[PDB]
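**Q** So here's structure34.cif, just mmCIF, N, CA and C atoms:
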data_upload
#
loop_
_atom_site.label_atom_id
_atom_site.label_comp_id
_atom_site.auth_asym_id
_atom_site.auth_seq_id
_atom_site.Cartn_x
_atom_site.Cartn_y
_atom_site.Cartn_z
N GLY A 1 -22.87 38.48 -8.63
CA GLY A 1 -23.21 39.14 -9.88
C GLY A 1 -22.05 39.13 -10.87
N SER A 2 -22.36 39.35 -12.14
CA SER A 2 -21.35 39.37 -13.18
C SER A 2 -21.70 40.37 -14.27
N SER A 3 -20.72 41.20 -14.65
CA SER A 3 -20.93 42.21 -15.68
C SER A 3 -20.66 41.63 -17.07
N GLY A 4 -21.40 42.13 -18.06
CA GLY A 4 -21.22 41.65 -19.42
C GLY A 4 -20.41 42.61 -20.27
N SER A 5 -19.17 42.24 -20.56
CA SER A 5 -18.29 43.07 -21.37
C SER A 5 -17.36 42.22 -22.23
N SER A 6 -17.55 42.29 -23.54
CA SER A 6 -16.73 41.52 -24.47
C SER A 6 -16.71 42.18 -25.84
N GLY A 7 -15.57 42.08 -26.52
CA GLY A 7 -15.43 42.67 -27.84
C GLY A 7 -14.14 42.28 -28.52
N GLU A 8 -14.24 41.38 -29.49
CA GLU A 8 -13.06 40.91 -30.22
C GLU A 8 -13.47 40.13 -31.47
N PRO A 9 -12.73 40.34 -32.57
CA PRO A 9 -13.00 39.66 -33.84
C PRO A 9 -12.67 38.17 -33.78
N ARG A 10 -13.67 37.34 -34.03
CA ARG A 10 -13.48 35.89 -34.01
C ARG A 10 -13.39 35.33 -35.43
N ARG A 11 -12.90 34.10 -35.54
CA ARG A 11 -12.76 33.45 -36.84
C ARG A 11 -14.11 33.35 -37.55
N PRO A 12 -14.07 33.22 -38.88
CA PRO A 12 -15.28 33.11 -39.70
C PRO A 12 -16.00 31.78 -39.50
N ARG A 13 -15.22 30.73 -39.24
CA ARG A 13 -15.78 29.40 -39.03
C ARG A 13 -16.99 29.46 -38.09
N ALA A 14 -17.77 28.39 -38.07
CA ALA A 14 -18.95 28.32 -37.22
C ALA A 14 -18.56 28.10 -35.76
N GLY A 15 -18.30 29.19 -35.05
CA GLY A 15 -17.92 29.10 -33.65
C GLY A 15 -19.03 28.55 -32.78
N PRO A 16 -18.96 28.83 -31.47
CA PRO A 16 -19.96 28.37 -30.51
C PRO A 16 -21.30 29.08 -30.68
N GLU A 17 -21.36 29.98 -31.66
CA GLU A 17 -22.59 30.73 -31.93
C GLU A 17 -23.67 29.81 -32.50
N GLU A 18 -23.29 28.99 -33.47
CA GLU A 18 -24.22 28.06 -34.10
C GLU A 18 -24.65 26.97 -33.12
N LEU A 19 -23.69 26.45 -32.37
CA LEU A 19 -23.96 25.40 -31.40
C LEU A 19 -24.82 25.93 -30.25
N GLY A 20 -24.53 27.15 -29.81
CA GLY A 20 -25.29 27.74 -28.73
C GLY A 20 -26.77 27.85 -29.05
N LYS A 21 -27.10 27.76 -30.33
CA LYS A 21 -28.49 27.85 -30.77
C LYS A 21 -29.14 26.47 -30.80
N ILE A 22 -28.37 25.45 -30.44
CA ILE A 22 -28.88 24.08 -30.42
C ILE A 22 -29.61 23.78 -29.12
N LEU A 23 -28.93 23.98 -28.00
CA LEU A 23 -29.51 23.73 -26.69
C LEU A 23 -29.85 25.04 -25.99
N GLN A 24 -30.24 26.04 -26.77
CA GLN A 24 -30.59 27.35 -26.22
C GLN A 24 -31.79 27.24 -25.29
N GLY A 25 -31.54 27.39 -23.99
CA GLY A 25 -32.61 27.31 -23.02
C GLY A 25 -32.65 25.96 -22.32
N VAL A 26 -31.53 25.25 -22.33
CA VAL A 26 -31.44 23.95 -21.70
C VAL A 26 -30.40 23.95 -20.58
N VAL A 27 -30.57 23.03 -19.62
CA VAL A 27 -29.64 22.93 -18.50
C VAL A 27 -29.21 21.48 -18.28
N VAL A 28 -27.92 21.22 -18.49
CA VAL A 28 -27.38 19.87 -18.31
C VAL A 28 -26.59 19.77 -17.01
N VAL A 29 -26.70 18.63 -16.34
CA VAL A 29 -26.00 18.40 -15.09
C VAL A 29 -25.04 17.22 -15.21
N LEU A 30 -23.78 17.45 -14.86
CA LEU A 30 -22.76 16.41 -14.92
C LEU A 30 -22.79 15.53 -13.67
N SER A 31 -22.88 14.22 -13.88
CA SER A 31 -22.92 13.28 -12.77
C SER A 31 -22.11 12.03 -13.09
N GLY A 32 -21.15 11.72 -12.22
CA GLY A 32 -20.32 10.55 -12.42
C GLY A 32 -19.32 10.74 -13.55
N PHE A 33 -18.65 11.88 -13.56
CA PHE A 33 -17.67 12.18 -14.60
C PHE A 33 -16.34 12.61 -13.99
N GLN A 34 -15.25 12.15 -14.58
CA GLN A 34 -13.92 12.49 -14.09
C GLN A 34 -13.03 12.98 -15.22
N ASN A 35 -12.34 14.10 -14.99
CA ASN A 35 -11.46 14.68 -15.99
C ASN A 35 -10.39 13.68 -16.42
N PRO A 36 -9.78 13.92 -17.59
CA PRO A 36 -10.11 15.08 -18.43
C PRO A 36 -11.49 14.96 -19.06
N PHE A 37 -12.03 13.74 -19.07
CA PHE A 37 -13.35 13.50 -19.65
C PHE A 37 -14.37 14.48 -19.10
N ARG A 38 -14.42 14.60 -17.78
CA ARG A 38 -15.36 15.51 -17.13
C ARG A 38 -15.27 16.91 -17.73
N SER A 39 -14.05 17.38 -17.94
CA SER A 39 -13.83 18.70 -18.51
C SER A 39 -14.30 18.76 -19.96
N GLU A 40 -13.83 17.80 -20.76
CA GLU A 40 -14.20 17.74 -22.17
C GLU A 40 -15.72 17.74 -22.34
N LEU A 41 -16.39 16.87 -21.59
CA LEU A 41 -17.85 16.77 -21.66
C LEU A 41 -18.50 18.11 -21.37
N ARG A 42 -18.11 18.73 -20.26
CA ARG A 42 -18.65 20.02 -19.86
C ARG A 42 -18.57 21.02 -21.02
N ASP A 43 -17.36 21.31 -21.46
CA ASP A 43 -17.14 22.24 -22.56
C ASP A 43 -18.18 22.03 -23.66
N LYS A 44 -18.18 20.84 -24.25
CA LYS A 44 -19.12 20.51 -25.31
C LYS A 44 -20.54 20.97 -24.95
N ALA A 45 -20.97 20.63 -23.74
CA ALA A 45 -22.30 21.01 -23.27
C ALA A 45 -22.49 22.52 -23.34
N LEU A 46 -21.43 23.27 -23.02
CA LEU A 46 -21.49 24.72 -23.04
C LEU A 46 -21.67 25.24 -24.46
N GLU A 47 -20.93 24.66 -25.40
CA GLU A 47 -21.01 25.07 -26.80
C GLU A 47 -22.46 25.04 -27.28
N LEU A 48 -23.12 23.91 -27.08
CA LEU A 48 -24.51 23.75 -27.50
C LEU A 48 -25.38 24.87 -26.93
N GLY A 49 -24.89 25.52 -25.89
CA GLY A 49 -25.63 26.60 -25.27
C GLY A 49 -26.42 26.15 -24.06
N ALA A 50 -26.00 25.04 -23.47
CA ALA A 50 -26.68 24.50 -22.29
C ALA A 50 -25.99 24.94 -21.01
N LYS A 51 -26.76 25.05 -19.93
CA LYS A 51 -26.22 25.46 -18.64
C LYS A 51 -25.66 24.27 -17.88
N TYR A 52 -24.46 24.43 -17.34
CA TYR A 52 -23.81 23.37 -16.59
C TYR A 52 -23.83 23.66 -15.09
N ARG A 53 -24.59 22.87 -14.35
CA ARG A 53 -24.70 23.04 -12.90
C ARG A 53 -23.93 21.95 -12.16
N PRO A 54 -23.32 22.33 -11.03
CA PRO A 54 -22.54 21.40 -10.20
C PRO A 54 -23.42 20.37 -9.50
N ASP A 55 -24.73 20.58 -9.57
CA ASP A 55 -25.68 19.67 -8.94
C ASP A 55 -27.09 19.90 -9.48
N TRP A 56 -27.97 18.93 -9.24
CA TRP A 56 -29.35 19.02 -9.71
C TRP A 56 -30.02 20.29 -9.19
N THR A 57 -30.48 21.13 -10.11
CA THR A 57 -31.15 22.37 -9.74
C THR A 57 -32.61 22.36 -10.16
N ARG A 58 -33.40 23.26 -9.57
CA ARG A 58 -34.82 23.35 -9.87
C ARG A 58 -35.04 23.78 -11.32
N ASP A 59 -33.98 24.30 -11.94
CA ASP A 59 -34.06 24.75 -13.33
C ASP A 59 -33.52 23.69 -14.27
N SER A 60 -33.01 22.60 -13.71
CA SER A 60 -32.46 21.51 -14.50
C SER A 60 -33.55 20.83 -15.32
N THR A 61 -33.31 20.72 -16.63
CA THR A 61 -34.27 20.09 -17.53
C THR A 61 -33.82 18.69 -17.92
N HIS A 62 -32.52 18.51 -18.06
CA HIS A 62 -31.98 17.21 -18.42
C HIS A 62 -30.79 16.88 -17.52
N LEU A 63 -30.60 15.58 -17.29
CA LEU A 63 -29.51 15.10 -16.46
C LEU A 63 -28.56 14.21 -17.25
N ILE A 64 -27.27 14.53 -17.21
CA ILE A 64 -26.27 13.75 -17.92
C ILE A 64 -25.64 12.69 -17.02
N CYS A 65 -26.03 11.44 -17.23
CA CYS A 65 -25.51 10.33 -16.43
C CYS A 65 -24.49 9.53 -17.23
N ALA A 66 -23.47 9.02 -16.54
CA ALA A 66 -22.43 8.23 -17.18
C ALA A 66 -22.78 6.75 -17.17
N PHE A 67 -23.58 6.34 -16.19
CA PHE A 67 -23.99 4.95 -16.07
C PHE A 67 -25.12 4.80 -15.05
N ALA A 68 -26.01 3.84 -15.29
CA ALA A 68 -27.13 3.59 -14.40
C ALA A 68 -26.65 3.08 -13.04
N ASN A 69 -27.60 2.77 -12.17
CA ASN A 69 -27.27 2.27 -10.83
C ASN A 69 -26.50 3.32 -10.04
N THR A 70 -26.83 4.59 -10.26
CA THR A 70 -26.17 5.68 -9.56
C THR A 70 -27.12 6.36 -8.58
N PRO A 71 -26.55 7.08 -7.60
CA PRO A 71 -27.33 7.79 -6.58
C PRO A 71 -28.08 8.99 -7.16
N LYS A 72 -27.42 9.71 -8.06
CA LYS A 72 -28.03 10.88 -8.69
C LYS A 72 -29.04 10.47 -9.75
N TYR A 73 -29.05 9.18 -10.08
CA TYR A 73 -29.97 8.66 -11.09
C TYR A 73 -31.39 8.54 -10.52
N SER A 74 -31.52 7.79 -9.43
CA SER A 74 -32.82 7.59 -8.80
C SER A 74 -33.36 8.91 -8.25
N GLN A 75 -32.46 9.75 -7.75
CA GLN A 75 -32.85 11.04 -7.20
C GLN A 75 -33.66 11.85 -8.21
N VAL A 76 -33.04 12.13 -9.36
CA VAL A 76 -33.71 12.89 -10.42
C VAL A 76 -34.83 12.08 -11.06
N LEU A 77 -34.83 10.78 -10.80
CA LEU A 77 -35.84 9.89 -11.36
C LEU A 77 -37.19 10.12 -10.68
N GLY A 78 -37.19 10.10 -9.35
CA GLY A 78 -38.41 10.31 -8.60
C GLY A 78 -38.95 11.72 -8.74
N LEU A 79 -38.04 12.68 -8.87
CA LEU A 79 -38.43 14.08 -9.01
C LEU A 79 -39.27 14.29 -10.27
N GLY A 80 -38.80 13.75 -11.39
CA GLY A 80 -39.52 13.88 -12.64
C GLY A 80 -38.68 14.51 -13.73
N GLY A 81 -37.37 14.57 -13.50
CA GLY A 81 -36.47 15.16 -14.48
C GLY A 81 -36.16 14.21 -15.62
N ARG A 82 -35.79 14.77 -16.77
CA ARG A 82 -35.47 13.97 -17.95
C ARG A 82 -34.06 13.40 -17.85
N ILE A 83 -33.97 12.13 -17.47
CA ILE A 83 -32.68 11.46 -17.33
C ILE A 83 -32.25 10.83 -18.65
N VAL A 84 -31.16 11.34 -19.22
CA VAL A 84 -30.64 10.82 -20.48
C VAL A 84 -29.16 10.46 -20.36
N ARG A 85 -28.62 9.86 -21.41
CA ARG A 85 -27.21 9.47 -21.42
C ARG A 85 -26.34 10.58 -22.00
N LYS A 86 -25.03 10.42 -21.88
CA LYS A 86 -24.09 11.41 -22.39
C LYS A 86 -24.06 11.40 -23.91
N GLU A 87 -24.26 10.22 -24.50
CA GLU A 87 -24.25 10.08 -25.95
C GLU A 87 -25.04 11.21 -26.61
N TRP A 88 -26.00 11.76 -25.88
CA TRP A 88 -26.82 12.85 -26.39
C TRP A 88 -25.98 14.10 -26.64
N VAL A 89 -25.14 14.45 -25.67
CA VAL A 89 -24.28 15.62 -25.78
C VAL A 89 -23.15 15.37 -26.79
N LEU A 90 -22.50 14.22 -26.66
CA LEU A 90 -21.40 13.86 -27.56
C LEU A 90 -21.84 13.94 -29.02
N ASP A 91 -22.99 13.34 -29.31
CA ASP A 91 -23.53 13.35 -30.67
C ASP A 91 -23.96 14.75 -31.08
N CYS A 92 -24.53 15.49 -30.14
CA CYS A 92 -24.99 16.85 -30.41
C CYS A 92 -23.83 17.74 -30.83
N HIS A 93 -22.75 17.70 -30.06
CA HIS A 93 -21.58 18.51 -30.37
C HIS A 93 -20.90 17.98 -31.63
N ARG A 94 -20.60 16.68 -31.60
CA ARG A 94 -19.95 16.02 -32.73
C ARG A 94 -20.67 16.35 -34.04
N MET A 95 -22.00 16.34 -33.99
CA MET A 95 -22.80 16.64 -35.18
C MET A 95 -23.28 18.09 -35.16
N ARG A 96 -22.98 18.79 -34.07
CA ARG A 96 -23.38 20.19 -33.93
C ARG A 96 -24.82 20.39 -34.40
N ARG A 97 -25.70 19.48 -34.00
CA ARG A 97 -27.10 19.55 -34.38
C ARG A 97 -28.00 19.12 -33.23
N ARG A 98 -29.28 19.47 -33.32
CA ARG A 98 -30.24 19.12 -32.28
C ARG A 98 -30.75 17.70 -32.47
N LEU A 99 -30.46 16.84 -31.50
CA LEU A 99 -30.89 15.44 -31.56
C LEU A 99 -31.97 15.16 -30.53
N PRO A 100 -32.88 14.23 -30.86
CA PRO A 100 -33.98 13.85 -29.97
C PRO A 100 -33.50 13.08 -28.74
N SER A 101 -33.64 13.70 -27.58
CA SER A 101 -33.22 13.08 -26.33
C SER A 101 -34.08 11.87 -26.00
N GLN A 102 -35.28 11.84 -26.56
CA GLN A 102 -36.21 10.73 -26.33
C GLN A 102 -35.55 9.40 -26.66
N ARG A 103 -34.78 9.37 -27.75
CA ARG A 103 -34.10 8.15 -28.17
C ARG A 103 -33.01 7.77 -27.17
N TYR A 104 -32.55 8.75 -26.40
CA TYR A 104 -31.51 8.51 -25.40
C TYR A 104 -32.08 8.57 -23.99
N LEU A 105 -33.37 8.29 -23.87
CA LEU A 105 -34.04 8.31 -22.57
C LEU A 105 -33.58 7.14 -21.71
N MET A 106 -33.09 7.45 -20.51
CA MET A 106 -32.61 6.43 -19.59
C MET A 106 -33.75 5.92 -18.71
N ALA A 107 -34.53 6.86 -18.16
CA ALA A 107 -35.65 6.51 -17.30
C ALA A 107 -36.95 7.12 -17.82
N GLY A 108 -38.05 6.81 -17.14
CA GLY A 108 -39.34 7.33 -17.55
C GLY A 108 -39.97 6.52 -18.66
N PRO A 109 -41.31 6.45 -18.66
CA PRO A 109 -42.07 5.70 -19.67
C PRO A 109 -42.01 6.35 -21.04
N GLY A 110 -41.69 7.65 -21.06
CA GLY A 110 -41.60 8.37 -22.32
C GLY A 110 -42.10 9.80 -22.20
N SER A 111 -41.70 10.64 -23.15
CA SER A 111 -42.10 12.04 -23.15
C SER A 111 -43.61 12.17 -22.95
N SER A 112 -44.00 12.83 -21.86
CA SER A 112 -45.41 13.02 -21.55
C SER A 112 -45.95 14.29 -22.21
N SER A 113 -45.66 14.44 -23.51
CA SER A 113 -46.11 15.60 -24.26
C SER A 113 -45.85 16.89 -23.48
N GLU A 114 -44.66 16.99 -22.89
CA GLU A 114 -44.28 18.16 -22.12
C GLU A 114 -43.37 19.08 -22.93
N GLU A 115 -43.97 19.99 -23.69
CA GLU A 115 -43.22 20.92 -24.51
C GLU A 115 -43.26 22.33 -23.92
N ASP A 116 -42.26 23.14 -24.26
CA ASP A 116 -42.19 24.50 -23.76
C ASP A 116 -42.67 25.50 -24.81
N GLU A 117 -43.29 26.58 -24.36
CA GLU A 117 -43.80 27.60 -25.27
C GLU A 117 -42.89 28.83 -25.26
N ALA A 118 -42.48 29.25 -24.07
CA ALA A 118 -41.61 30.41 -23.93
C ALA A 118 -40.62 30.22 -22.78
N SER A 119 -39.34 30.16 -23.11
CA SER A 119 -38.30 29.97 -22.11
C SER A 119 -37.36 31.17 -22.08
N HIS A 120 -36.61 31.30 -20.99
CA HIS A 120 -35.67 32.40 -20.85
C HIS A 120 -34.24 31.90 -21.04
N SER A 121 -33.36 32.82 -21.40
CA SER A 121 -31.96 32.50 -21.62
C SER A 121 -31.05 33.63 -21.14
N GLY A 122 -29.75 33.42 -21.26
CA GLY A 122 -28.79 34.43 -20.83
C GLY A 122 -27.36 33.96 -20.96
N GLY A 123 -26.45 34.68 -20.31
CA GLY A 123 -25.04 34.32 -20.37
C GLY A 123 -24.42 34.61 -21.72
N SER A 124 -24.24 35.89 -22.03
CA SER A 124 -23.66 36.29 -23.30
C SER A 124 -22.14 36.20 -23.26
N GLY A 125 -21.63 35.11 -22.70
CA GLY A 125 -20.20 34.92 -22.60
C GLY A 125 -19.82 33.48 -22.32
N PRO A 126 -19.75 32.67 -23.39
CA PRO A 126 -19.39 31.25 -23.28
C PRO A 126 -17.93 31.05 -22.91
N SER A 127 -17.22 32.15 -22.68
CA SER A 127 -15.81 32.09 -22.32
C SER A 127 -15.64 32.10 -20.81
N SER A 128 -15.77 30.93 -20.19
CA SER A 128 -15.63 30.80 -18.75
C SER A 128 -14.25 31.25 -18.29
N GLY A 129 -14.12 32.55 -18.02
CA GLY A 129 -12.85 33.09 -17.58
C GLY A 129 -12.19 32.23 -16.52
#
Would you mind writing the structure in this file as structure tokens?
**A**
Amino acid sequence: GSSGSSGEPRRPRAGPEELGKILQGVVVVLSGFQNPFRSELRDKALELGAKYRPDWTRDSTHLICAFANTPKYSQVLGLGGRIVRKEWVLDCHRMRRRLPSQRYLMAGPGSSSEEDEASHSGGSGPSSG
């Protein structure tokens, strides 16, 4: 468990608040990444407001792959998860905007009109102590 306690004046600039509203309710998984790149990539993903899991979870909506022909690629492929490239996160953070993952689709015939109506969120502390 983790308690929620935070209080401090932040800069006026558009902090992680605006970005957190981009991927609000999304879960990204890092696969085939090595620091410092691995670290940099993760952070960015957090800003957008996406959840970073150490492995494919039942709550995982999108998978961040560094290159095809990987073990974690086919795995999430057969399951039915949305396998996309990193360019999605890099561009999202870099542009701090919501980009269509469909254009960055690695596997699958295409979005099967699978949209969400009501999702849950949490983690009122993007500051990974």
**Q** Would you list the contacts of segment 23-28 of chain A as a count of residues only, taking every protein, DNA or RNA residue within 6.5 Å and counting only N, CA and C atoms, but skipping same-chain residues closer than 2 positions in sequence?
**A** 19
**Q** Determine the nearest neighbour of residue 73 of chain A from the options A:29, A:91, A:10, A:128, counting only C-alpha atoms.
**A** A:29
**Q** Work out how far apart atom CA of residue 77 of chain A and atom C of residue 123 of chain A are and give it in Å to one decimal.
**A**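 Between atom CA of residue 77 of chain A and atom C of residue 123 of chain A the gap is 29.1 Å.
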**Q** Between atom N of residue 78 of chain A and atom C of residue 33 of chain A, what is the distance in Å, rounded to a tenth?
**A**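 Between atom N of residue 78 of chain A and atom C of residue 33 of chain A the gap works out to 21.5 Å.
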**Q** Exactly which residues make up the result of the PyMOL selection byres (((chain A and resi 89 and name CA) around 10) and name CA) on this file, given as a PyMOL selection string?
**A** chain A and resi 23+28+41-42+44-46+48+50+64+84-88+90-99+101
**Q** Deliver the residues from the most recent selection as a file, using N, CA and C atoms, as a compact mmCIF listing (two decimals), keeping the file's coordinate frame.
**A**
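Result written to part31.txt:
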# COMPACT_ATOMS: atom_id res chain seq x y z
N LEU A 23 -28.93 23.98 -28.00
CA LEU A 23 -29.51 23.73 -26.69
C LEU A 23 -29.85 25.04 -25.99
N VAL A 28 -27.92 21.22 -18.49
CA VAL A 28 -27.38 19.87 -18.31
C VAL A 28 -26.59 19.77 -17.01
N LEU A 41 -16.39 16.87 -21.59
CA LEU A 41 -17.85 16.77 -21.66
C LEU A 41 -18.50 18.11 -21.37
N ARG A 42 -18.11 18.73 -20.26
CA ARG A 42 -18.65 20.02 -19.86
C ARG A 42 -18.57 21.02 -21.02
N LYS A 44 -18.18 20.84 -24.25
CA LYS A 44 -19.12 20.51 -25.31
C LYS A 44 -20.54 20.97 -24.95
N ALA A 45 -20.97 20.63 -23.74
CA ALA A 45 -22.30 21.01 -23.27
C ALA A 45 -22.49 22.52 -23.34
N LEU A 46 -21.43 23.27 -23.02
CA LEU A 46 -21.49 24.72 -23.04
C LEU A 46 -21.67 25.24 -24.46
N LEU A 48 -23.12 23.91 -27.08
CA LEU A 48 -24.51 23.75 -27.50
C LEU A 48 -25.38 24.87 -26.93
N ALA A 50 -26.00 25.04 -23.47
CA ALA A 50 -26.68 24.50 -22.29
C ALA A 50 -25.99 24.94 -21.01
N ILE A 64 -27.27 14.53 -17.21
CA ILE A 64 -26.27 13.75 -17.92
C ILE A 64 -25.64 12.69 -17.02
N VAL A 84 -31.16 11.34 -19.22
CA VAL A 84 -30.64 10.82 -20.48
C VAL A 84 -29.16 10.46 -20.36
N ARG A 85 -28.62 9.86 -21.41
CA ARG A 85 -27.21 9.47 -21.42
C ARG A 85 -26.34 10.58 -22.00
N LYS A 86 -25.03 10.42 -21.88
CA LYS A 86 -24.09 11.41 -22.39
C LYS A 86 -24.06 11.40 -23.91
N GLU A 87 -24.26 10.22 -24.50
CA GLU A 87 -24.25 10.08 -25.95
C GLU A 87 -25.04 11.21 -26.61
N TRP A 88 -26.00 11.76 -25.88
CA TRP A 88 -26.82 12.85 -26.39
C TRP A 88 -25.98 14.10 -26.64
N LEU A 90 -22.50 14.22 -26.66
CA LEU A 90 -21.40 13.86 -27.56
C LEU A 90 -21.84 13.94 -29.02
N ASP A 91 -22.99 13.34 -29.31
CA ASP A 91 -23.53 13.35 -30.67
C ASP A 91 -23.96 14.75 -31.08
N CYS A 92 -24.53 15.49 -30.14
CA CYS A 92 -24.99 16.85 -30.41
C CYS A 92 -23.83 17.74 -30.83
N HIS A 93 -22.75 17.70 -30.06
CA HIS A 93 -21.58 18.51 -30.37
C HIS A 93 -20.90 17.98 -31.63
N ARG A 94 -20.60 16.68 -31.60
CA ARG A 94 -19.95 16.02 -32.73
C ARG A 94 -20.67 16.35 -34.04
N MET A 95 -22.00 16.34 -33.99
CA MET A 95 -22.80 16.64 -35.18
C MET A 95 -23.28 18.09 -35.16
N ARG A 96 -22.98 18.79 -34.07
CA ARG A 96 -23.38 20.19 -33.93
C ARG A 96 -24.82 20.39 -34.40
N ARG A 97 -25.70 19.48 -34.00
CA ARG A 97 -27.10 19.55 -34.38
C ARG A 97 -28.00 19.12 -33.23
N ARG A 98 -29.28 19.47 -33.32
CA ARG A 98 -30.24 19.12 -32.28
C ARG A 98 -30.75 17.70 -32.47
N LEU A 99 -30.46 16.84 -31.50
CA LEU A 99 -30.89 15.44 -31.56
C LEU A 99 -31.97 15.16 -30.53
N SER A 101 -33.64 13.70 -27.58
CA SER A 101 -33.22 13.08 -26.33
C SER A 101 -34.08 11.87 -26.00
**Q** So the first atom is atom CA of residue 118 of chain A and the second is atom CA of residue 79 of chain A; what is the distance between them in Å, to one decimal place?
**A** 22.3 Å
**Q** Hey, what does DSSP flag as strand (DSSP E or B) within chain A? Can you give it to me as a list in words?
**A**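 Matching residues for strand (DSSP E or B) in chain A are residues 26, 27, 28, 29, 30, 31, 50, 51, 52, 53, 62, 63, 64, 65, 82, 83, 84, 85 and 105 of chain A.
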**Q** Name the closest residue to residue 83 of chain A among the candidates A:54, A:105, A:5, A:69; distances are taken between atoms, counting all atoms listed in the file.
**A** A:105
**Q** Which is closest to residue 57 of chain A among A:75, A:111, A:39, A:6, if we use only C-alpha atoms?
**A**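 Of all the options, A:75 lies closest to residue 57 of chain A.
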**Q** Mind completing segment 24-37 of chain A with N, CA, C and O atoms? Output as a PDB file, keeping the file's coordinate frame, please?
**A**
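This is the output file out28.pdb:
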ATOM      1  N   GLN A  24     -30.240  26.040 -26.770  1.00  0.00           N
ATOM      2  CA  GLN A  24     -30.590  27.350 -26.220  1.00  0.00           C
ATOM      3  C   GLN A  24     -31.790  27.240 -25.290  1.00  0.00           C
ATOM      4  O   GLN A  24     -32.918  27.016 -25.732  1.00  0.00           O
ATOM      5  N   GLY A  25     -31.540  27.390 -23.990  1.00  0.00           N
ATOM      6  CA  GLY A  25     -32.610  27.310 -23.020  1.00  0.00           C
ATOM      7  C   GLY A  25     -32.650  25.960 -22.320  1.00  0.00           C
ATOM      8  O   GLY A  25     -33.685  25.568 -21.776  1.00  0.00           O
ATOM      9  N   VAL A  26     -31.530  25.250 -22.330  1.00  0.00           N
ATOM     10  CA  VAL A  26     -31.440  23.950 -21.700  1.00  0.00           C
ATOM     11  C   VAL A  26     -30.400  23.950 -20.580  1.00  0.00           C
ATOM     12  O   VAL A  26     -29.470  24.750 -20.583  1.00  0.00           O
ATOM     13  N   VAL A  27     -30.570  23.030 -19.620  1.00  0.00           N
ATOM     14  CA  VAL A  27     -29.640  22.930 -18.500  1.00  0.00           C
ATOM     15  C   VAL A  27     -29.210  21.480 -18.280  1.00  0.00           C
ATOM     16  O   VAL A  27     -30.023  20.626 -17.933  1.00  0.00           O
ATOM     17  N   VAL A  28     -27.920  21.220 -18.490  1.00  0.00           N
ATOM     18  CA  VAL A  28     -27.380  19.870 -18.310  1.00  0.00           C
ATOM     19  C   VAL A  28     -26.590  19.770 -17.010  1.00  0.00           C
ATOM     20  O   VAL A  28     -25.885  20.703 -16.624  1.00  0.00           O
ATOM     21  N   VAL A  29     -26.700  18.630 -16.340  1.00  0.00           N
ATOM     22  CA  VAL A  29     -26.000  18.400 -15.090  1.00  0.00           C
ATOM     23  C   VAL A  29     -25.040  17.220 -15.210  1.00  0.00           C
ATOM     24  O   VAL A  29     -25.428  16.123 -15.610  1.00  0.00           O
ATOM     25  N   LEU A  30     -23.780  17.450 -14.860  1.00  0.00           N
ATOM     26  CA  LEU A  30     -22.760  16.410 -14.920  1.00  0.00           C
ATOM     27  C   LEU A  30     -22.790  15.530 -13.670  1.00  0.00           C
ATOM     28  O   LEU A  30     -22.745  16.036 -12.549  1.00  0.00           O
ATOM     29  N   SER A  31     -22.880  14.220 -13.880  1.00  0.00           N
ATOM     30  CA  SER A  31     -22.920  13.280 -12.770  1.00  0.00           C
ATOM     31  C   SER A  31     -22.110  12.030 -13.090  1.00  0.00           C
ATOM     32  O   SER A  31     -22.338  11.364 -14.095  1.00  0.00           O
ATOM     33  N   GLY A  32     -21.150  11.720 -12.220  1.00  0.00           N
ATOM     34  CA  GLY A  32     -20.320  10.550 -12.420  1.00  0.00           C
ATOM     35  C   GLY A  32     -19.320  10.740 -13.550  1.00  0.00           C
ATOM     36  O   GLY A  32     -19.169   9.859 -14.405  1.00  0.00           O
ATOM     37  N   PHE A  33     -18.650  11.880 -13.560  1.00  0.00           N
ATOM     38  CA  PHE A  33     -17.670  12.180 -14.600  1.00  0.00           C
ATOM     39  C   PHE A  33     -16.340  12.610 -13.990  1.00  0.00           C
ATOM     40  O   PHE A  33     -16.315  13.345 -12.997  1.00  0.00           O
ATOM     41  N   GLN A  34     -15.250  12.150 -14.580  1.00  0.00           N
ATOM     42  CA  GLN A  34     -13.920  12.490 -14.090  1.00  0.00           C
ATOM     43  C   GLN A  34     -13.030  12.980 -15.220  1.00  0.00           C
ATOM     44  O   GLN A  34     -12.958  12.366 -16.286  1.00  0.00           O
ATOM     45  N   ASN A  35     -12.340  14.100 -14.990  1.00  0.00           N
ATOM     46  CA  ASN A  35     -11.460  14.680 -15.990  1.00  0.00           C
ATOM     47  C   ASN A  35     -10.390  13.680 -16.420  1.00  0.00           C
ATOM     48  O   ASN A  35     -10.105  12.704 -15.721  1.00  0.00           O
ATOM     49  N   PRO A  36      -9.780  13.920 -17.590  1.00  0.00           N
ATOM     50  CA  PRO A  36     -10.110  15.080 -18.430  1.00  0.00           C
ATOM     51  C   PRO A  36     -11.490  14.960 -19.060  1.00  0.00           C
ATOM     52  O   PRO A  36     -12.060  15.949 -19.525  1.00  0.00           O
ATOM     53  N   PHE A  37     -12.030  13.740 -19.070  1.00  0.00           N
ATOM     54  CA  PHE A  37     -13.350  13.500 -19.650  1.00  0.00           C
ATOM     55  C   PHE A  37     -14.370  14.480 -19.100  1.00  0.00           C
ATOM     56  O   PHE A  37     -15.105  15.118 -19.860  1.00  0.00           O
TER      57      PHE A  37
END
